[PDB]
């Protein structure tokens, strides 16, 4: 079935619920397979408008925040692809709907950050509410981007002009532009979410601001790394003349 997980956040101790749930209920989280044949009917049966279902399930996407009817919204985010035999910069997309007090998330390429949240819920130490769950999805994705950026930084710190074996600047640059494509929009999506004054944000104002600070830092770090690559390229030009 399309429903990977279902949790009830009616109390601070989330309880696991049937993956055969027919109706969307307030305070519940549904984590779903985006490409499964049955998800469209389930969403539409539950009165999610056709056009918003279409955007949520579309092949193409960018990180973005979309205010919808009365407290509802869509939030789309990207994460690093940590799956085996995958290109990490071929970033996964998580598409989230906050609809009638429920959080519905959709995935295709599995997210390590989301697996950690799921594992925490199973061990009875997960988020205490939907507001906190969304916060942890945002920060978990940030965290995994930071880890990937550390591997780029290692490659960059290896750049030695007198050593041609360390000339990996083209690969790093390719990785960095691929990430920048989505991580820049990610920053604006989190900004827009906050400015929306969603009950999920206004209950955790300082925490969402910290999340926004981290995504901003990530973007500034990418810019710096791109500058380092450019500098190394000129250092190679300068070494070829001496």
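Residue numbers count along the first chain shown, from 1.
- Taking the PDB entry as given, 154-162 carries the higher mean Cα B factor of the two stretches 154-162 and 102-110.
- Looking at mean Cα B-factors across 230-238 and 12-20, the upper value is held by 230-238.
- Among the modelled residues of its chain, residue 118 has a C-alpha B-factor that falls in the middle third according to the deposited record.
- Residue 174: CA B factor in the middle third of modelled residues in this chain (values from the PDB entry).
- Ranked by C-alpha B-factor against the other modelled residues of its chain, residue 35 falls in the highest third.
- Residue-level temperature factors show residue 194 in the middle third of its chain, judged at the C-alpha atom.
- Split the chain's modelled residues into thirds by C-alpha temperature factor. Residue 200 is in the highest one.
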